[PDB]
Every structure is written in structure tokens, then in C-alpha cells.
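The data block below is coords-v8.cif; it holds mmCIF, C-alpha atoms.
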```cif
data_work
#
loop_
_atom_site.label_atom_id
_atom_site.label_comp_id
_atom_site.auth_asym_id
_atom_site.auth_seq_id
_atom_site.Cartn_x
_atom_site.Cartn_y
_atom_site.Cartn_z
CA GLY A 19 -8.24 76.44 -63.07
CA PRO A 20 -9.47 73.19 -64.72
CA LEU A 21 -8.80 74.74 -68.13
CA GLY A 22 -6.53 71.79 -68.91
CA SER A 23 -3.79 71.62 -71.55
CA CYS A 24 -3.38 70.25 -75.07
CA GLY A 25 -0.91 67.36 -75.12
CA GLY A 26 -0.41 63.60 -74.89
CA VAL A 27 -2.65 63.71 -71.81
CA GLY A 28 -4.32 60.56 -73.12
CA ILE A 29 -2.56 57.43 -71.84
CA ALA A 30 -3.10 53.68 -72.20
CA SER A 31 -5.61 53.56 -69.35
CA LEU A 32 -8.90 55.21 -68.37
CA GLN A 33 -10.28 58.05 -70.50
CA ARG A 34 -12.53 61.00 -69.63
CA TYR A 35 -15.47 62.10 -71.78
CA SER A 36 -17.52 65.28 -71.25
CA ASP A 37 -20.21 67.19 -73.16
CA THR A 38 -21.24 70.76 -72.35
CA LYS A 39 -24.26 70.35 -74.64
CA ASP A 40 -25.67 67.40 -72.66
CA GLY A 41 -23.97 68.52 -69.46
CA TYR A 42 -22.71 65.03 -68.56
CA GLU A 43 -19.32 63.35 -68.20
CA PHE A 44 -18.06 59.86 -67.32
CA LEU A 45 -14.91 57.71 -67.29
CA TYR A 46 -14.40 54.60 -69.41
CA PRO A 47 -11.50 52.14 -70.10
CA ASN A 48 -9.45 52.41 -73.28
CA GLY A 49 -9.98 50.04 -76.22
CA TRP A 50 -13.65 51.01 -76.55
CA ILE A 51 -15.13 52.29 -79.82
CA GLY A 52 -18.08 54.64 -80.36
CA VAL A 53 -20.67 53.76 -83.02
CA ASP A 54 -23.09 56.27 -84.52
CA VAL A 55 -26.75 55.31 -84.03
CA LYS A 56 -28.48 58.45 -85.28
CA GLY A 57 -32.17 57.89 -86.02
CA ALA A 58 -32.30 55.07 -83.47
CA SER A 59 -34.91 54.60 -80.74
CA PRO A 60 -36.12 58.00 -79.34
CA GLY A 61 -33.59 59.43 -76.87
CA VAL A 62 -30.79 57.22 -78.18
CA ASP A 63 -27.73 59.36 -79.00
CA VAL A 64 -24.55 57.26 -78.91
CA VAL A 65 -23.61 53.65 -78.12
CA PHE A 66 -20.28 52.35 -76.79
CA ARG A 67 -18.94 48.87 -77.61
CA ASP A 68 -15.93 47.16 -76.01
CA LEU A 69 -13.72 45.46 -78.58
CA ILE A 70 -12.00 43.43 -75.86
CA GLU A 71 -15.37 42.04 -74.71
CA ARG A 72 -17.96 41.68 -77.46
CA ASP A 73 -20.33 40.22 -74.90
CA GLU A 74 -20.18 43.47 -72.94
CA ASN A 75 -22.17 46.36 -74.42
CA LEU A 76 -22.96 49.87 -73.15
CA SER A 77 -25.63 52.24 -74.49
CA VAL A 78 -26.15 55.95 -73.81
CA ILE A 79 -29.56 57.60 -74.18
CA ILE A 80 -30.04 61.38 -73.89
CA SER A 81 -33.38 63.20 -73.88
CA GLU A 82 -34.99 66.42 -72.61
CA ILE A 83 -37.69 66.28 -69.93
CA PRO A 84 -40.76 68.60 -70.07
CA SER A 85 -40.37 71.73 -67.95
CA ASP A 86 -43.87 71.14 -66.61
CA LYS A 87 -42.87 67.80 -65.05
CA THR A 88 -39.60 66.60 -63.49
CA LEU A 89 -38.19 63.14 -62.80
CA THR A 90 -40.20 63.00 -59.58
CA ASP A 91 -43.39 64.29 -61.21
CA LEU A 92 -42.95 61.91 -64.15
CA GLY A 93 -43.32 58.90 -61.87
CA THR A 94 -41.97 56.94 -58.90
CA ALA A 95 -39.04 54.53 -58.96
CA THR A 96 -41.50 51.65 -59.23
CA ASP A 97 -43.80 53.47 -61.65
CA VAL A 98 -40.94 54.55 -63.89
CA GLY A 99 -39.47 51.08 -63.54
CA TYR A 100 -42.63 49.53 -64.96
CA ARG A 101 -42.85 52.12 -67.74
CA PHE A 102 -39.29 51.36 -68.82
CA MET A 103 -40.10 47.65 -69.11
CA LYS A 104 -42.96 48.44 -71.48
CA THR A 105 -40.72 50.77 -73.48
CA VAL A 106 -38.09 48.07 -74.01
CA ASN A 107 -40.62 45.26 -74.36
CA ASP A 108 -42.47 47.32 -76.97
CA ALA A 109 -39.82 46.14 -79.45
CA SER A 110 -38.79 42.94 -77.60
CA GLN A 111 -42.24 41.71 -76.52
CA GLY A 112 -42.06 39.13 -79.31
CA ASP A 113 -39.78 36.41 -77.89
CA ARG A 114 -37.76 38.06 -75.11
CA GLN A 115 -39.27 39.38 -71.87
CA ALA A 116 -37.96 42.10 -69.54
CA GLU A 117 -38.30 41.54 -65.78
CA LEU A 118 -37.91 44.33 -63.25
CA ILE A 119 -35.70 43.09 -60.43
CA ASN A 120 -35.88 46.23 -58.32
CA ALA A 121 -36.08 50.02 -58.42
CA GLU A 122 -34.96 52.62 -55.87
CA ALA A 123 -34.06 56.33 -55.72
CA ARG A 124 -31.60 58.37 -53.64
CA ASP A 125 -31.26 62.08 -52.84
CA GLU A 126 -27.81 63.64 -52.40
CA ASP A 127 -26.54 67.22 -52.66
CA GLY A 128 -30.12 68.16 -53.54
CA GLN A 129 -29.84 65.87 -56.58
CA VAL A 130 -32.16 62.88 -57.05
CA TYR A 131 -30.84 59.68 -58.64
CA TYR A 132 -33.09 56.85 -59.82
CA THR A 133 -31.73 53.29 -59.99
CA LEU A 134 -33.41 50.67 -62.19
CA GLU A 135 -32.43 46.99 -62.05
CA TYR A 136 -33.87 44.50 -64.55
CA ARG A 137 -32.93 41.43 -66.61
CA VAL A 138 -33.71 39.99 -70.05
CA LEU A 139 -35.46 36.62 -70.35
CA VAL A 140 -35.40 34.45 -73.47
CA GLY A 141 -37.50 31.36 -74.05
CA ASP A 142 -37.31 29.68 -70.63
CA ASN A 143 -33.95 31.09 -69.46
CA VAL A 144 -32.32 34.33 -68.35
CA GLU A 145 -30.41 35.96 -71.20
CA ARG A 146 -28.49 38.49 -69.11
CA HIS A 147 -28.71 41.14 -66.37
CA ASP A 148 -28.63 44.87 -67.14
CA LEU A 149 -28.49 47.90 -64.83
CA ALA A 150 -30.07 51.23 -65.79
CA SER A 151 -29.87 54.53 -63.88
CA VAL A 152 -31.91 57.69 -64.53
CA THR A 153 -31.05 61.22 -63.41
CA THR A 154 -32.11 64.73 -64.48
CA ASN A 155 -29.90 67.82 -64.65
CA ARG A 156 -31.12 71.29 -65.61
CA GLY A 157 -33.99 69.61 -67.49
CA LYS A 158 -31.64 67.21 -69.29
CA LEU A 159 -32.61 63.53 -69.14
CA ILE A 160 -29.55 61.28 -68.70
CA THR A 161 -29.70 57.47 -68.68
CA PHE A 162 -26.87 54.95 -68.27
CA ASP A 163 -27.72 51.55 -69.79
CA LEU A 164 -25.02 48.95 -69.07
CA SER A 165 -25.13 45.26 -70.02
CA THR A 166 -22.79 42.39 -69.12
CA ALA A 167 -22.76 38.58 -69.03
CA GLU A 168 -24.50 36.92 -66.08
CA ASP A 169 -21.44 34.72 -65.62
CA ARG A 170 -19.54 37.59 -63.93
CA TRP A 171 -22.38 40.06 -63.33
CA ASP A 172 -22.14 39.14 -59.65
CA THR A 173 -18.39 39.78 -59.57
CA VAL A 174 -18.72 43.16 -61.33
CA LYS A 175 -22.17 43.94 -59.93
CA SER A 176 -20.90 47.10 -58.23
CA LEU A 177 -18.94 47.96 -61.37
CA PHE A 178 -22.17 48.80 -63.22
CA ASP A 179 -23.49 50.93 -60.37
CA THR A 180 -20.07 52.52 -59.94
CA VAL A 181 -19.88 53.69 -63.56
CA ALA A 182 -23.46 54.98 -63.47
CA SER A 183 -22.93 56.64 -60.08
CA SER A 184 -19.45 57.83 -61.06
CA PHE A 185 -21.00 59.98 -63.78
CA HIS A 186 -21.30 63.72 -63.12
CA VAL A 187 -23.47 66.52 -64.54
CA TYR A 188 -22.95 70.24 -65.13
#
```
Let me see whether you can do it: turn the structure in this file into C-alpha cells.
Amino acid sequence: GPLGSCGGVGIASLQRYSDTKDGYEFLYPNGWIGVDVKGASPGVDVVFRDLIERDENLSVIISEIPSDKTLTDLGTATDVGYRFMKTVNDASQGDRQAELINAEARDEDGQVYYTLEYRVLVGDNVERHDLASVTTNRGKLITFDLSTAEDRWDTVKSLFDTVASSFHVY
């Protein structure tokens, strides 16, 4: 049914991206460019940058979880939340500091979704707020790291969660 068709299906609007290999798919606005970051931080696969808004940056990290332990076994929302801070700080523990705002998890359709909320501090001021969500699918580790200016973060607060939650796996 959803075989689709080859044609000018792509229009000046929202685009759909899917990957059978990673088993994940999400929507994103047009005007965005994909940059290759092979050999980057472990798990890092591809990064998306919005030409329209240089300030706004999105990063995608894909990794495989050990069959012996799952997202739940790995750690709790709070535990994983703290681990993530150390992971990021490991390379940014010099001048910038990562603060964990909150961390919660939800269970729907038998699928567990982990939500991580944190912000980046510089010197004596907040640099920006970033939302990160973690979810496993068939042993595939999928993370959605979105970053946006604090000036409108409140206005588009749901936007970050929406994109991360909008994602689908298969």
C-alpha cells in the first residue's frame, strides 16, 4: 500500500526522511542541509543544520544497545540523565557546564520513551537550552538532540518535544 511513487512528490514545505537500516523516520522543514560528520563522537552519525537559522542546530546520534541490557536496564531517567551530562561535559567540562533541568520517561503502545531536558552554561550565564530524547527500537539506540536560542525556546518549547515525539521507528 505505502509503496509510494517516484515523482515531484517533494514540495516547498515539510520533507520526510526514513532509514530502514536505523529503523527511524522523522519530518523536517525544507531549506535544511545535511553535513557529514563521520568519525565524530561515538554514536554520532549525521547532523542537520538550518541555513535559515544559523543559531538553530540539530544533531542526530545513532548507536546499538547491548542485547544483555535495554534502555530500562541501562539506567533510570535520572541516572541516564546524569550519565549524559558527564558524556557531554567530558569534552565541554573546560569552560562550559551542562545542567540537567529534568528527566522523565513514558510508556505507550508497549514502547518506552525517555525525555532528557538540560541547558548549557557558559562563564556566569546560560548559553542556551537543549532538549534530548532517548528511545530504543529492536535494539537500535535512537537519540534526538535539538538546540535553539533561549530567546524563543519558550515559544517553541513544545516544538522540540513535538519533533522528537513525532519521530517513528520500524
Please compute the atom CA of residue 66 of chain A-atom CA of residue 43 of chain A distance, one decimal, in Å.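 Those two atoms sit 14.0 Å apart.
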Report as a list in words all protein, DNA and RNA residues lying within 10 Å of residue 88 of chain A, evaluated on all atoms listed in the file, omitting residues in the same chain fewer than 3 positions from it.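 Once the adjacent positions are removed, what remains is residues 83, 84, 85, 91, 92, 93, 154, 155, 156, 157, 158 and 159 of chain A.
This file gives the following result for the PyMOL selection byres ((chain A and resi 41) around 8): residues 36, 37, 38, 39, 40, 42, 43, 155, 158, 187 and 188 of chain A.
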Show me, as a PyMOL selection string, the residues that have an atom within 9 Å of residue 60 of chain A when counting all atoms listed in the file, minus same-chain residues fewer than 3 positions from it. chain A and resi 57+63+79-81
Selected residues written out, C-alpha atoms, as a compact mmCIF listing (two decimals), in the coordinates of the input:
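As written to disk, result.txt reads:
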```txt
# COMPACT_ATOMS: atom_id res chain seq x y z
CA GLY A 57 -32.17 57.89 -86.02
CA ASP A 63 -27.73 59.36 -79.00
CA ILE A 79 -29.56 57.60 -74.18
CA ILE A 80 -30.04 61.38 -73.89
CA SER A 81 -33.38 63.20 -73.88
```
If we count all atoms listed in the file, what is near residue 162 of chain A at a cut-off of 9 Å, once residues fewer than 5 positions away on the same chain are taken out, given as a PyMOL selection string? chain A and resi 76-79+149-153+181-182+185
Neighbouring residues of segment 118-120 of chain A were defined as those with any atom within 9 Å, considering all atoms listed in the file; residues of the same chain fewer than 2 positions away were excluded. Please report them as a PyMOL selection string. chain A and resi 95-96+99-100+103+116+122+133-137
Could you tell me which residues the PyMOL selection byres ((chain A and resi 168) around 9) grabs in this file, written as an MDAnalysis selection string? chainID A and resid 144:147 166:167 169:172
Which residue, A:177, A:29, A:160, A:62, has the smallest gap to residue 49 of chain A when you use all atoms listed in the file?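 Of A:177, A:29, A:160, A:62, the one nearest residue 49 of chain A, counting all atoms listed in the file, is A:29.
For the residues A:67, A:112, A:131, A:22, ranking by smallest atom-to-atom distance to residue 55 of chain A using only C-alpha atoms places A:67 first.
Pairwise distance (atom CA of residue 115 of chain A, atom CA of residue 139 of chain A) equals 4.9 Å.
Closest approach to residue 47 of chain A among A:70, A:138, A:130, A:163: A:70, based on only C-alpha atoms.
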What do you get, as a PyMOL selection string, if you spell out every residue that the PyMOL selection byres ((chain A and resi 48) around 7) selects here? chain A and resi 30-33+46-47+49-50
Could you tell me how far atom CA of residue 107 of chain A sits from atom CA of residue 164 of chain A, in Å to one decimal place?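 Atom-to-atom, atom CA of residue 164 of chain A to atom CA of residue 107 of chain A, that is 16.9 Å.
Proximity of A:89, A:69, A:51, A:45 to residue 129 of chain A, computed with all atoms listed in the file, is greatest for A:89.
Among the candidates A:59, A:173, A:34, A:75, the residue lying nearest to residue 109 of chain A is A:59 (atoms considered: all atoms listed in the file).
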